[PDB]
Amino acid sequence: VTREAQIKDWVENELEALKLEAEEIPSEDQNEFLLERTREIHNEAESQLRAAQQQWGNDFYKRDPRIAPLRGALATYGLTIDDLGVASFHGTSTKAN
Amino acid sequence: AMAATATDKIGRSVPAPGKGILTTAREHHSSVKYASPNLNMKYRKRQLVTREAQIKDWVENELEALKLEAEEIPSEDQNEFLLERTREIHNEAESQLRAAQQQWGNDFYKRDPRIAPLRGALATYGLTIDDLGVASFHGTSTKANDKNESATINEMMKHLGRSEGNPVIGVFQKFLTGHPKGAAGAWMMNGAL
Amino acid sequence: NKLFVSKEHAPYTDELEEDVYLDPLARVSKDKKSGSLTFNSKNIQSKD
């Protein structure tokens with residue numbers, strides 16, 4: 001949520017910057033410029049939000065050595081190790097395997 | 001800078017080549033009256049430094065929070081707690097910085113439809129389409145493959161708006177080495193390096 | 001006995017194949033005549 005607040009502040013800052021640029025640019029082709037830059041800013045905002053969600057909901061444990069891949073994959077959804085209730089064994093019916 | 005694979009289309013001929021890899025130069029040009037700020041590196045560097053400022057503010061906020069927690073916790077095991085939380089906060093800060101660098105230096109174009117994978121892979125290092133000076137062609141010495149590959153490379157350059165009179169120089173290694181059925185791309189990558 | 005329906009034709013024609021490949025925002029639409037999902041020029045490289 002802190003990252004979301006920062007992202008919306010960044011988006012409104014870039015919006016007022018784009019407004020100043022639109023004031024500077026001639027009004028003849030203003031609509032096309034505004035549409036292009038609005039789609040650009042929307043894509044940037046979406047990418048930043050998705051990056052924050054990647055950082056804190058999906059990929060929070062990829063850098064943490066104190067969290068294993070298994071525990072982290074479970075913990076992305078609130079599952080603990082105990083929640084891994086079933087294991088589909090390869091179960092080849094040989095001794096070594 | 002880029003590595004992609006593709007399939008062609010529906011047909012009944014397995015060995016017949018196709019333009020499937022042409023999607024690596026896929027780009028949208030419905031509204032290109034003005035340049036993307038995202039393809040400008042000064043803009044991306046500006047966003048990166050703003051994110052760095054935000055990250056250091058976040059780090060000092062979390063540091064004072066950890067200081068309050070250390071004040072609250074008994075002083076007996078304070079050192080171990082502080083070391084664990086300092087490693088944690090360092091890892092979090094570095095992950096955030098790497099995420100910002102991924103956002104604005106490496107994967108700035110993965111969501112942009114007006115930046116193709118080829119152009120974006122070049123643009124991560126400030127290279128333009130014109131900077132792609134050499135193309136290691138598969139170059140099998142068959143008719144269909146050579147015509148198809150030349151047509152694919154040409155369509156990539158045309159769509160990416162490569163400058164006229166700047167043909168990519170086509171290197172064909174298999175004239176000398178021949179065609180191995182899977183070492184081929186590796187030999188051409190060695191030659192490209 | 002037609003769970004597997006072989007496709008005779010790709011969703012794009014040969015002439016529009018390169019345009020569909022080069023447009024990342026190209027999507028198939030339902031053709032009014034054929035009724036199948038195919039790629040259409042007015043949807044390829046369009047501002048909408």
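Numbers restart at 1 for each chain; the letters A, B, ... are given by sequence-line order, proteins then strands.
Follow the hydrophobic side-chain contacts under 4.5 Å out from A:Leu74 and you never reach A:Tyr61; the two are in separate clusters. Under the 4.5 Å side-chain heavy-atom criterion for ILVMFWY residues, no single connected hydrophobic cluster contains both B:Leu132 and B:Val134. Linking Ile, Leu, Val, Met, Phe, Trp and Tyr whenever their side-chain heavy atoms come within less than 4.5 Å leaves B:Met41 and B:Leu39 in two separate clusters. Note on B:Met188 and B:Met156: separate hydrophobic clusters, where clusters join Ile, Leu, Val, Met, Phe, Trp and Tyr whose side-chain heavy atoms are under 4.5 Å apart, directly or indirectly. Residues B:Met2 and B:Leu22 fall within the same hydrophobic cluster, defined by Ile, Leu, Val, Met, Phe, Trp and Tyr side chains chained together at heavy-atom separations under 4.5 Å.
Taking a cutoff of 4.0 Å between a charged side-chain nitrogen and a carboxylate oxygen, C:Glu17 and B:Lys9 qualify as a salt bridge. Salt bridge status for A:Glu36 with B:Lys33: absent, with no side-chain N to carboxylate O gap under 4.0 Å. Salt-bridge annotation for B:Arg119 and B:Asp112: absent, with no side-chain N of the basic residue lying under 4.0 Å from a carboxylate O of the acidic one.
The two residues B:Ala25 and C:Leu22 come nearest to each other via the heavy atoms O-CD2, 3.5 Å. When all heavy atoms of B:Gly105 and B:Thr124 are compared, the pair lying nearest together is O-CB, 3.6 Å. A pairwise comparison of heavy atoms in A:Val11 and A:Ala45 identifies CG2-CB, 3.5 Å as the closest pair.
Counting non-hydrogen atoms of neighbouring residues, nucleotides and ligands closer than 6.0 angstrom, the CE atom of B:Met189 reaches no more than 12 such neighbours. Counting non-hydrogen atoms of neighbouring residues, nucleotides and ligands closer than 6.0 angstrom, the NZ atom of A:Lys8 reaches no more than 12 such neighbours. In this structure, A:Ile81 places its CD1 atom where more than 12 heavy-atom neighbours from other residues, nucleotides or ligands lie under 6.0 Å away. Counting heavy-atom neighbours within 6.0 Å of B:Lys158 NZ, excluding the residue itself, gives a total above 12. Heavy-atom neighbours of A:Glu12 CD from other residues, nucleotides or ligands within 6.0 Å: above the threshold of 12.
When atom types are taken as modelled, the side chain of B:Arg51 and the backbone of B:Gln101 share no donor-acceptor pair closer than 3.5 angstrom.
The aromatic rings of A:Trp10 and B:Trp104 are tilted relative to each other, their planes meeting at an angle between 30° and 60°. Taking the six-membered ring where the residue is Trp, B:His179 and B:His138 present perpendicular rings, their angle passing 60° and hence far from 30°.
To the nearest 0.5 angstrom, A:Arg37 atom CZ is 11.0 Å from B:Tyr34 atom OH.
The closest side-chain donor-acceptor pair between A:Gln6 and A:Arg3 falls under 3.5 angstrom.
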